[PDB]
Amino acid sequence: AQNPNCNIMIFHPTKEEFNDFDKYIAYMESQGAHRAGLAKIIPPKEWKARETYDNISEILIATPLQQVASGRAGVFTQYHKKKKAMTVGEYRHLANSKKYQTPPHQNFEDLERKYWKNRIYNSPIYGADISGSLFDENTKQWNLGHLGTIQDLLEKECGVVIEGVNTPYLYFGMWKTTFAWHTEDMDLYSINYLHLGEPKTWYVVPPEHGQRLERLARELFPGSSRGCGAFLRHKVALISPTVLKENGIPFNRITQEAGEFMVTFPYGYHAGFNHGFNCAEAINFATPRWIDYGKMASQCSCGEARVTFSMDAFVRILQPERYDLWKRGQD
Ligand SMILES: O=C(O)CNC(=O)C(=O)O
Ligand SMILES: [Mg+2]
Ligand code: NI
Ligand SMILES: [Zn+2]
């Protein structure tokens, strides 16, 4: 078995190897990359996502989210308070202000220390889940707006034709902006490209150990756990690396820098934070190996997690028994 310790692998494809997305994903998994739940892909030195980022300030962040934390430094929830719309220009200016900017620090490790020590005492503002793309339409390789769609994958593998579309989302982050512990909708893959700015640190639990994370989360967030059998789908819970180590949860960590891709694999729980002003683009995707994960994925039926138009059809076809009660939570 490849990668038995489930370490995060880092790939350096050639421009030749970067031409066929599906085949490179299949390659990574032949080397055991999926066992970690997360891989990094450094694009060939000749590749670019677009020529410059000079004109992005006019993107609108229609609903910035102020991420308000409750709990203790290593175990907290966050609630997203909706703020007034602002442009990316305005946001970047806000991220760079004295109140919100990245503090002085020695290196990534010192900054990680400061994040976990001090996160709860500040409420950074996140521009998340904005439909759109920053890839140039002439970028042909690893263009997150030109991937084959999950609906087409399900059609090719399973023969069923469904409604729905699959498009990317932009995330504008600042220091301390946080993504809580989650897997993807329907335990899909994700791919994330860091277009510009400061890094993003990731924590990940190997898919084969995901249930151990869930068991800890039920113990750490006991009221949430009673309210919904899949409350991690709410994307509100944070657990520090220190806490994970204390409870023997297997995990890994890695820092993504501008110009790099990350791929999360089915049922790879991940969480993380932003080091400073940045912009990432991400999208979900599927492969043939995903299908069984999609069949077994948990669902939020309490009605908090409230998920896309396209997810309906995945639940309808892959989880027909759930379909009934799940759409009660989604209606
Ligand atoms: O970048 C972020 O804020 C969150 N991204 C993801 O969870 C992902 O790409 O799967
Ligand atoms: Mg613009
Ligand atoms: Ni994710
Ligand atoms: Zn729920």
# chains A, B, ... in the order shown; residues from 1 in each chain; ligands from 1
>>> residues_near_ligand(ligand="ligand 4", cutoff="10 Å", atoms="only C-alpha atoms and all ligand atoms", output="PDB file with C-alpha atoms, in the first residue's frame")
ATOM      1  CA  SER A 224     -24.329  20.637  18.567  1.00  0.00           C
ATOM      2  CA  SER A 225     -24.008  16.876  18.381  1.00  0.00           C
ATOM      3  CA  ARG A 226     -27.428  16.276  19.941  1.00  0.00           C
ATOM      4  CA  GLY A 227     -29.021  18.861  17.601  1.00  0.00           C
ATOM      5  CA  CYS A 228     -27.784  17.240  14.373  1.00  0.00           C
ATOM      6  CA  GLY A 229     -26.201  13.953  13.506  1.00  0.00           C
ATOM      7  CA  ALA A 230     -23.877  15.690  10.992  1.00  0.00           C
ATOM      8  CA  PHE A 231     -23.179  19.038  12.642  1.00  0.00           C
ATOM      9  CA  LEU A 232     -19.688  19.358  11.180  1.00  0.00           C
ATOM     10  CA  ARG A 233     -21.549  20.180   7.887  1.00  0.00           C
ATOM     11  CA  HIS A 234     -22.431  23.467   9.529  1.00  0.00           C
ATOM     12  CA  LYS A 235     -18.811  24.443   9.187  1.00  0.00           C
ATOM     13  CA  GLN A 299     -26.142  14.655   5.650  1.00  0.00           C
ATOM     14  CA  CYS A 300     -27.311  17.587   7.714  1.00  0.00           C
ATOM     15  CA  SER A 301     -31.123  17.199   8.037  1.00  0.00           C
ATOM     16  CA  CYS A 302     -31.517  19.688  11.036  1.00  0.00           C
ATOM     17  CA  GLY A 303     -31.588  22.326   8.262  1.00  0.00           C
ATOM     18  CA  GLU A 304     -28.627  24.508   9.254  1.00  0.00           C
ATOM     19  CA  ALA A 305     -26.216  23.385   6.504  1.00  0.00           C
ATOM     20  CA  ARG A 306     -28.552  24.552   3.679  1.00  0.00           C
ATOM     21  CA  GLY A 329     -34.208  20.137   6.051  1.00  0.00           C
TER      22      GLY A 329
END
>>> residues_near_ligand(ligand="ligand 2", cutoff="10 Å", atoms="only C-alpha atoms and all ligand atoms", output="JSON, numbers by chain")
{"A": [53, 54, 55, 56, 57, 58, 59, 60, 87, 88, 89]}
>>> residues_near_ligand(ligand="ligand 3", cutoff="9 Å", atoms="only C-alpha atoms and all ligand atoms", output="mmCIF file with N, CA and C atoms, in the first residue's frame")
data_model
loop_
_atom_site.group_PDB
_atom_site.id
_atom_site.type_symbol
_atom_site.label_atom_id
_atom_site.label_comp_id
_atom_site.auth_asym_id
_atom_site.auth_seq_id
_atom_site.Cartn_x
_atom_site.Cartn_y
_atom_site.Cartn_z
ATOM 1 N N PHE A 179 -11.312 28.571 8.156
ATOM 2 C CA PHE A 179 -12.243 27.554 7.630
ATOM 3 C C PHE A 179 -12.328 26.441 8.678
ATOM 4 N N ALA A 180 -13.535 26.220 9.147
ATOM 5 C CA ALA A 180 -13.783 25.276 10.202
ATOM 6 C C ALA A 180 -13.621 23.826 9.653
ATOM 7 N N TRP A 181 -13.553 22.871 10.563
ATOM 8 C CA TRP A 181 -13.438 21.425 10.239
ATOM 9 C C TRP A 181 -14.615 20.919 9.449
ATOM 10 N N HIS A 182 -14.334 20.451 8.234
ATOM 11 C CA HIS A 182 -15.364 19.920 7.365
ATOM 12 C C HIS A 182 -14.808 18.942 6.323
ATOM 13 N N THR A 183 -15.712 18.157 5.745
ATOM 14 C CA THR A 183 -15.489 17.513 4.467
ATOM 15 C C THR A 183 -16.329 18.297 3.458
ATOM 16 N N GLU A 184 -16.136 17.979 2.202
ATOM 17 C CA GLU A 184 -16.934 18.645 1.151
ATOM 18 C C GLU A 184 -18.355 18.098 1.087
ATOM 19 N N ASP A 185 -19.280 18.898 0.498
ATOM 20 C CA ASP A 185 -20.644 18.453 0.238
ATOM 21 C C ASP A 185 -20.541 17.099 -0.478
ATOM 22 N N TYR A 189 -14.370 15.702 -3.843
ATOM 23 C CA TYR A 189 -13.049 16.305 -3.822
ATOM 24 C C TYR A 189 -13.230 17.795 -3.836
ATOM 25 N N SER A 190 -12.171 18.523 -3.477
ATOM 26 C CA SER A 190 -12.075 19.928 -3.829
ATOM 27 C C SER A 190 -10.698 20.193 -4.369
ATOM 28 N N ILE A 191 -10.611 21.227 -5.200
ATOM 29 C CA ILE A 191 -9.339 21.782 -5.580
ATOM 30 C C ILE A 191 -9.341 23.273 -5.328
ATOM 31 N N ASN A 192 -8.240 23.771 -4.802
ATOM 32 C CA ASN A 192 -8.124 25.132 -4.353
ATOM 33 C C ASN A 192 -6.833 25.707 -4.924
ATOM 34 N N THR A 264 -8.178 18.451 -1.888
ATOM 35 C CA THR A 264 -8.714 17.644 -0.813
ATOM 36 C C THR A 264 -9.467 16.441 -1.406
ATOM 37 N N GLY A 268 -11.821 13.629 3.441
ATOM 38 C CA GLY A 268 -10.667 14.220 4.145
ATOM 39 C C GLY A 268 -11.062 15.495 4.876
ATOM 40 N N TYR A 269 -11.300 15.379 6.178
ATOM 41 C CA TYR A 269 -11.675 16.525 7.006
ATOM 42 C C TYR A 269 -10.531 17.527 6.997
ATOM 43 N N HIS A 270 -10.847 18.786 6.752
ATOM 44 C CA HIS A 270 -9.819 19.811 6.755
ATOM 45 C C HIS A 270 -10.299 21.084 7.404
ATOM 46 N N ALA A 271 -9.326 21.898 7.843
ATOM 47 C CA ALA A 271 -9.607 23.167 8.534
ATOM 48 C C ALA A 271 -8.358 24.008 8.320
ATOM 49 N N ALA A 282 -11.735 28.003 -5.580
ATOM 50 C CA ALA A 282 -11.905 26.586 -5.370
ATOM 51 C C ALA A 282 -13.165 26.088 -6.047
ATOM 52 N N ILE A 283 -13.189 24.771 -6.283
ATOM 53 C CA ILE A 283 -14.329 24.137 -6.861
ATOM 54 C C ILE A 283 -14.347 22.683 -6.416
ATOM 55 N N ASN A 284 -15.534 22.139 -6.305
ATOM 56 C CA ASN A 284 -15.613 20.678 -6.112
ATOM 57 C C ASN A 284 -15.499 19.908 -7.399
#
>>> closest_residue(among="A:254, A:170, A:216, A:128", to="residue A:112", atoms="only C-alpha atoms")
A:254
>>> closest_residue(among="A:107, A:275, A:29, A:165", to="residue A:311", atoms="only C-alpha atoms")
A:165
>>> residues_around(residues="residue A:323", least_positions_apart="6", cutoff="10 Å", atoms="only C-alpha atoms", output="ChimeraX atom specification")
/A:312-317
>>> write_last_selection(atoms="N, CA, C and O atoms", output="compact mmCIF listing (two decimals), in the first residue's frame")
# COMPACT_ATOMS: atom_id res chain seq x y z
N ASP A 312 -29.01 18.71 -4.52
CA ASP A 312 -30.30 18.00 -4.53
C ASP A 312 -30.25 16.75 -5.33
O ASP A 312 -30.73 15.73 -4.87
N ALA A 313 -29.82 16.89 -6.59
CA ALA A 313 -29.78 15.79 -7.52
C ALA A 313 -28.80 14.73 -7.07
O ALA A 313 -29.06 13.55 -7.23
N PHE A 314 -27.65 15.13 -6.49
CA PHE A 314 -26.72 14.08 -5.99
C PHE A 314 -27.38 13.22 -4.90
O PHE A 314 -27.24 11.98 -4.90
N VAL A 315 -28.12 13.85 -3.99
CA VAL A 315 -28.78 13.16 -2.90
C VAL A 315 -29.90 12.31 -3.50
O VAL A 315 -30.03 11.14 -3.17
N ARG A 316 -30.68 12.87 -4.44
CA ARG A 316 -31.76 12.14 -5.06
C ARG A 316 -31.29 10.84 -5.73
O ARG A 316 -31.95 9.78 -5.60
N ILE A 317 -30.20 10.90 -6.48
CA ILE A 317 -29.71 9.72 -7.17
C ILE A 317 -28.86 8.78 -6.33
O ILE A 317 -29.04 7.53 -6.37
>>> closest_residue(among="A:287, A:96, A:274, A:330", to="ligand 1", atoms="only C-alpha atoms and all ligand atoms")
A:274
>>> residues_around(residues="residue A:252", least_positions_apart="4", cutoff="12 Å", atoms="only C-alpha atoms", output="PyMOL selection string")
chain A and resi 5-9+35-39+201-207+209+240-241+244-245+268-272
>>> write_last_selection(atoms="N, CA, C and O atoms", output="compact mmCIF listing (two decimals), in the first residue's frame")
# COMPACT_ATOMS: atom_id res chain seq x y z
N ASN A 5 1.57 5.81 6.06
CA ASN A 5 1.48 6.74 7.16
C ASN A 5 0.54 7.97 6.81
O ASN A 5 0.41 8.86 7.66
N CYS A 6 -0.04 8.01 5.58
CA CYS A 6 -0.99 9.08 5.24
C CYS A 6 -0.36 10.46 5.34
O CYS A 6 -0.99 11.40 5.84
N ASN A 7 0.88 10.61 4.86
CA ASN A 7 1.53 11.91 4.84
C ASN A 7 0.98 12.74 3.68
O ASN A 7 0.61 12.17 2.63
N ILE A 8 1.02 14.04 3.86
CA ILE A 8 0.61 14.95 2.77
C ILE A 8 1.73 14.87 1.72
O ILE A 8 2.91 15.17 2.02
N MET A 9 1.38 14.51 0.49
CA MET A 9 2.37 14.52 -0.60
C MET A 9 2.37 15.82 -1.43
O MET A 9 1.31 16.48 -1.60
N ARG A 35 -4.59 9.09 0.67
CA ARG A 35 -4.61 8.63 2.02
C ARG A 35 -4.44 9.73 3.05
O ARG A 35 -4.96 9.58 4.18
N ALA A 36 -3.75 10.80 2.67
CA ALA A 36 -3.56 11.93 3.58
C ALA A 36 -4.83 12.79 3.77
O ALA A 36 -5.00 13.48 4.80
N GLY A 37 -5.70 12.76 2.74
CA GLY A 37 -6.84 13.65 2.64
C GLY A 37 -6.59 14.96 1.92
O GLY A 37 -7.55 15.65 1.57
N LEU A 38 -5.32 15.28 1.63
CA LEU A 38 -4.87 16.61 1.12
C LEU A 38 -3.55 16.38 0.41
O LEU A 38 -2.71 15.59 0.91
N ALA A 39 -3.41 16.98 -0.77
CA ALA A 39 -2.13 17.01 -1.49
C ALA A 39 -1.88 18.42 -1.99
O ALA A 39 -2.82 19.18 -2.20
N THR A 201 -2.67 28.17 5.86
CA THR A 201 -2.26 26.95 6.52
C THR A 201 -3.48 26.00 6.63
O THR A 201 -4.59 26.42 7.02
N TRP A 202 -3.22 24.75 6.35
CA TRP A 202 -4.21 23.63 6.29
C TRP A 202 -3.88 22.59 7.32
O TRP A 202 -2.70 22.29 7.54
N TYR A 203 -4.92 22.04 7.95
CA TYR A 203 -4.84 20.85 8.78
C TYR A 203 -5.81 19.81 8.16
O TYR A 203 -6.87 20.18 7.62
N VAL A 204 -5.44 18.54 8.24
CA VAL A 204 -6.20 17.50 7.58
C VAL A 204 -6.12 16.20 8.33
O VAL A 204 -5.08 15.84 8.84
N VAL A 205 -7.23 15.51 8.38
CA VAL A 205 -7.32 14.18 8.96
C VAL A 205 -7.44 13.17 7.82
O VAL A 205 -8.26 13.33 6.95
N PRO A 206 -6.64 12.07 7.85
CA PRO A 206 -6.76 11.06 6.80
C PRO A 206 -8.19 10.51 6.71
O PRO A 206 -8.80 10.28 7.75
N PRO A 207 -8.73 10.32 5.48
CA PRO A 207 -10.06 9.81 5.33
C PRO A 207 -10.31 8.53 6.13
O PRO A 207 -11.39 8.32 6.76
N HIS A 209 -9.35 7.82 8.89
CA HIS A 209 -9.52 8.16 10.31
C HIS A 209 -10.58 9.24 10.62
O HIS A 209 -10.67 9.72 11.77
N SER A 240 -7.96 22.82 17.79
CA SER A 240 -6.53 23.08 17.57
C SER A 240 -5.69 21.83 17.40
O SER A 240 -6.07 20.75 17.87
N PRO A 241 -4.54 21.97 16.75
CA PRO A 241 -3.60 20.85 16.71
C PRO A 241 -3.17 20.32 18.08
O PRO A 241 -3.03 19.12 18.26
N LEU A 244 -6.04 18.15 19.19
CA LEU A 244 -6.05 16.91 18.41
C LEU A 244 -4.94 15.94 18.91
O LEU A 244 -5.20 14.74 19.06
N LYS A 245 -3.74 16.46 19.15
CA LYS A 245 -2.64 15.63 19.69
C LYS A 245 -2.98 15.05 21.08
O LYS A 245 -2.74 13.87 21.35
N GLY A 268 -11.82 13.63 3.44
CA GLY A 268 -10.67 14.22 4.14
C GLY A 268 -11.06 15.50 4.88
O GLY A 268 -11.24 16.54 4.25
N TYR A 269 -11.30 15.38 6.18
CA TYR A 269 -11.68 16.53 7.01
C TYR A 269 -10.53 17.53 7.00
O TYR A 269 -9.37 17.14 7.14
N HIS A 270 -10.85 18.79 6.75
CA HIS A 270 -9.82 19.81 6.75
C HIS A 270 -10.30 21.08 7.40
O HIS A 270 -11.51 21.32 7.51
N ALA A 271 -9.33 21.90 7.84
CA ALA A 271 -9.61 23.17 8.53
C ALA A 271 -8.36 24.01 8.32
O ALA A 271 -7.29 23.50 7.92
N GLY A 272 -8.47 25.29 8.54
CA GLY A 272 -7.26 26.10 8.39
C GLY A 272 -7.46 27.57 8.56
O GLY A 272 -8.53 28.05 8.97
>>> closest_residue(among="A:294, A:159, A:173, A:103", to="ligand 1", atoms="only C-alpha atoms and all ligand atoms")
A:173
